[PDB]
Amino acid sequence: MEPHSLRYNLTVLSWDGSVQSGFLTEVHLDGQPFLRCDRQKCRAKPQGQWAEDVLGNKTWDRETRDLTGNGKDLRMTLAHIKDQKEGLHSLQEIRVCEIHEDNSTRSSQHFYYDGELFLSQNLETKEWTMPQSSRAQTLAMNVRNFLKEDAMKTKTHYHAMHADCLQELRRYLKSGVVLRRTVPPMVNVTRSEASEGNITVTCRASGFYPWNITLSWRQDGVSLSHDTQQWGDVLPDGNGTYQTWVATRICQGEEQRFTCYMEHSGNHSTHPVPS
């Protein structure tokens, strides 16, 4: 199964070299919109483990306290980036961590300027990396030097940065706010009418999660060619789950000879064509 993750995406803006007061920070938990914080406060985006609104929000003080500090720091960082082009400019600092099945972790820090990545650091190895672009390299050095000389960022700052993200991911999981549950698909097999002794059988699987799923038709138990089948994409429901479908043409009468094989998160089921 996929790893639990946490992502903070901070963004600061400037107009004609003038760094604006407000900034935004988006927190995503296991790939879901979790928090929205402007210069003032953090607020939860819908669906919790609750489903109403009253949740113990005020603990958003912790994230409010910290995300604002980083917001302010990033403003000083944008200030050191002198650009001679009128208009808007944006600077983003994206911090992300993950927890895989084996409980091993992954974690990084990325900087974006006007939408393009220019610097990043693997917080596991502590090794900076930058795109092979004349322009990106200038930006990179500007920020890396500011973090060294002005910001006064030590070797320990990055050790703590790595820990912070991981401890908060664990704080959210340990609190049960993250309810990643499997939702087995519903399976329905339907047929079209015989337009020359032939019919199109369709196997539809819907409302499932996670995203990964295997669907395919079989003749006498042997899976058909990919070229002889029509595949639907995997579409989000609008409820947090997904639907997809597979189909194939068969000579009317051979019906009970065909079956739809499906495997989704451990379960492998077989579905015949209705009679």
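The numbering used is simple: start at 1 and walk along the sequence shown.
Of the two segments examined, 249 to 257 and 11 to 19, it is 249 to 257 that shows the higher average Cα temperature factor in the deposited entry.
The question of which stretch, 111 to 119 or 140 to 148, has the higher mean Cα B factor is settled in favour of 140 to 148.
Note on the listed residues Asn188, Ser90, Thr77, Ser175: the highest Cα temperature factor in the record is that of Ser175. Between the residues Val27, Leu215, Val234, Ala51, the entry's highest C-alpha temperature factor is the one at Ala51. When the CA B factors of the chain's modelled residues are split into thirds, the value for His159 lands in the lowest one.
In the deposited entry, the Cα temperature factor of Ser269 sits in the middle third of values across the chain's modelled residues. Ranked against the other modelled residues of its chain, the C-alpha B-factor of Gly69 as given in the entry falls in the lowest third.
Ranked within its chain, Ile94 lands in the lowest third, by CA B factor from the PDB record. When the CA B factors of the chain's modelled residues are split into thirds, the value for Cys203 lands in the lowest one.
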